[PDB]
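Take a look at the structure set out below.
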Ligand SMILES: Cc1cc2ncn([C@H]3O[C@H](COP(=O)(O)O)[C@@H](O)[C@H]3O)c2cc1C
Ligand SMILES: Cc1cc2ncn([C@H]3O[C@H](COP(=O)(O)O)[C@@H](O)[C@H]3O)c2cc1C
Ligand SMILES: O=C(O)c1cccnc1
Ligand SMILES: O=C(O)c1cccnc1
């Protein structure tokens with residue numbers, strides 16, 4: 001793990017310079033394609049991409065797990081929905097499934113801690129049947145967090161070996177916006193009231209309790225904001241840790257990762273805290289409708305491309321942004337050149 | 001034309017209610033897919049779509065034309081670039097071409113007034129070789145505007161007959177951000193300084209002249225803000241009128257139209273002024289980096305989905321948003337149902 005972290009490659013400035021020069025000579029006024037241009041250059045700098053903005057196979061990894069904090073009345077959906085939805089993932093009827101098929105990406109459902117019997121078709125990496133209730137103690141042990149980070153990391157890079165060049169991250173876990181809000185509060189220094197949202201339609205009257213739960217979690221655990229692994233283990237969850245692991249793994253592999261929504265922002269904060277070298281590999285997707293979204297993004301210094309008022313999770317926003325990434329590649333490789341048209345601009 | 005305007009269909013509230021009900025029962029917390037849900041319902045209400053969110057063939061119509069106002073020093077690119085780029089459109093090397101191919105849409109290049117010899121492969125609907133310099137008079141006659149609106153309108157609907165269900169609108173015309181800014185100022189009541197941008201990299205020092213040009217255009221022509229056709233003819237251009245015609249034509253055909261950037265906003269304002277019934281058929285794409293973008297969008301009451309800092313035009317932003325439209329359809333038709341999973345949420 002320390003090894004893994006040590007081995008994350010820095011971006012290729014040379015490839016990026018070459019990329020920038022090419023883009024400037026394309027059939028358009030310079031810089032006119034805006035973020036589509038900056039995205040291509042960012043991609044060019046990723047060592048796993050071979051010096052150019054390229055997209056091979058795509059995969060969305062969905063990390064599923066239950067949380068003990070559910071018992072605190074912070075979620076309106078029955079606990080079983082995690083298990084139910086996880087099986088549905090295997091049938092291609094879910095939101096991420098539909099959107100992924102649309103983008104030509106494959107969905108990988110991973111069980112990191114669902115509180116139910118094992119589901120056939122789902123990759124088994126279960127840590128335990130649900131994590132501990134953060135309100136009264138820690139979600140898990142440090143050891144547990146570390147081992148899962150490692151395991152997911154390797155799984156992520158192994159995919160690279162099979163042609164995957166673009167990843168998307170997602171989750172499934174009733175009550176997960178609670179630990180997400182806690183982490184956000186911790187890493188960001190924001191008060192719980194400011195980053196606690198409605199999650200999956202929590203009634204406005206139940207909010208206050210959710211806020212109390214977050215503060216309690218923090219107070220009791222005393223997580224260290226300067227230690228990403230400490231925070232994850234204490235007030236995180238298996239699903240959030242898994243998402244963080246995807247991030248570490250893509251980075252180590254020198255490949256890009258598309259974030260999703262609020263839960264993913266949580267995970268991204270942790271990843272970046274753990275290894276700043278991870279940052280350059282991250283790509284925002286959409287601007288989640290969760291209250292704490294603005295604050296989290298500001299701390300990541302990220303401006304998402306899509307404003308869809310989305311708040312489903314599952315990696316649905318990540319799937320939706322995949323075509324944008326492919327567009328930046330299409331622009332780069334298939335547009336003609338000014339010179340070839342004898343076009344001269346000041 | 002009055003006929004045409006009269007015959008624009010109102011949206012199907014019945015189909016929309018049915019759509020809403022279906023969406024609510026899908027495998028997710030209600031309303032969780034945000035704008036993706038509102039988009040599907042909007043589509044369902046369009047009579048040309050047959051009571052459901054559907055996407056058949058896609059086409060982007062690019063309206064090309066030169067402007068006399070170029071002579072005022074409001075554009076840094078040589079005049080010939082319009083003609084040059086228009087031919088390139090026929091070779092598939094341009095920005096819209098690349099992005100359209102990416103989205104599986106076909107590009108239709110239409111010459112509505114390029115100041116050069118006719119270009120083989122380009123649809124000929126040329127009004128004149130460039131429009132009049134708005135700084136000293138009108139761009140064209142009312143008759144001319146009306147005839148072009150009509151002609152483009154019919155062409156647009158005819159495509160519908162050939163399987164096209166989704167349109168995108170675009171343009172090509174050096175100096176076109178000038179008449180665009182003028183129209184915006186007129187329809188919106190904003191001062192020229194507030195809506196005049198850098199267009200295709202106009203140097204910050206040249207701005208002031210561009211602003212003076214806009215005011216002069218307005219002062220001299222005295223366009224009537226309550227008469228969209230009056231405004232277009234006076235301080236518009238053949239390209240902008242053509243874009244407006246696409247809009248009128250899709251609406252008459254009861255089909256959706258994706259806007260592009262700043263130039264398209266101009267055209268949309270005019271279209272809506274001319275026929276409010278057009279509004280429900282319009283779909284924003286991206287948030288153009290042109291200064292006057294915020295003001296124009298506010299007047300259309302539109303919030304774009306994409307924030308890419310784009311400012312190329314050609315209908316490139318429209319092509320980029322096509323997959324989003326297709327996603328809303330995919331969601332609608334392929335997601336599973338809560339009921340089928342025995343999932344019950346309050
Ligand atoms: C049917 C259904 C499908 C979902 N897919 C993702 N979520 C989302 O809702 C949960 C977070 O919200 P909270 O913290 O309020 O539980 C996670 O499962 C998240 O993925 C879903 C939720 C439901 C009910
Ligand atoms: C090579 C080239 C390709 C383009 N494609 C679109 N535009 C854009 O630039 C023009 C508007 O900017 P202004 O008002 O400053 O001229 C239009 O042609 C618009 O389509 C282009 C401009 C250039 C130079
Ligand atoms: O932003 C998300 O991904 C999200 C928000 C609320 C509930 N589930 C997921
Ligand atoms: O927003 C646009 O479409 C645009 C902006 C500047 C120049 N050309 C096009």
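One-based numbering along the chain as shown.
So this one's X-ray crystallography, 1.9 Å, going by the header.
Note that Cβ sites are derived from N, Cα and C of the backbone, with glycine treated the same way.
Just one of B:233, B:285, B:288 is listed by Swiss-Prot for the same nicotinate beta-D-ribonucleotide site as B:171, B:172, B:173, B:174, B:175, B:176, B:177, B:200, B:262, B:311, B:312, and that one is B:288.
Residue B:175 (nicotinate beta-D-ribonucleotide binding site) has a Cβ environment of 30 other Cβ atoms inside 10 Å. For residue B:85 (substrate binding site), the nearest neighbour among the listed binding-site residues (B:171, B:175, B:177, B:262, B:311), judged by C-alpha distance, is B:171. The number of other CB atoms found within 10 A of the CB of residue B:173 (nicotinate beta-D-ribonucleotide binding site), across every protein chain shown, is 34. Using a cut-off of under 8 A between C-beta atoms, the binding-site residues B:171, B:173, B:175, B:177, B:262, B:311 that neighbour chain A are B:311.
For ligand 2, the neighbouring binding-site residues among B:175, B:262, B:311 are B:175, by Cβ distance under 6 Å. Close contacts with ligand 4, defined as a Cβ under 6 Å from any of its atoms, occur at B:177 among the binding-site residues B:171, B:173, B:177. With respect to their backbone Cα atoms, residue B:171 (nicotinate beta-D-ribonucleotide binding site) and residue B:314 (site 'Important for substrate positioning, might be proton acceptor') stand 5 Å from each other.
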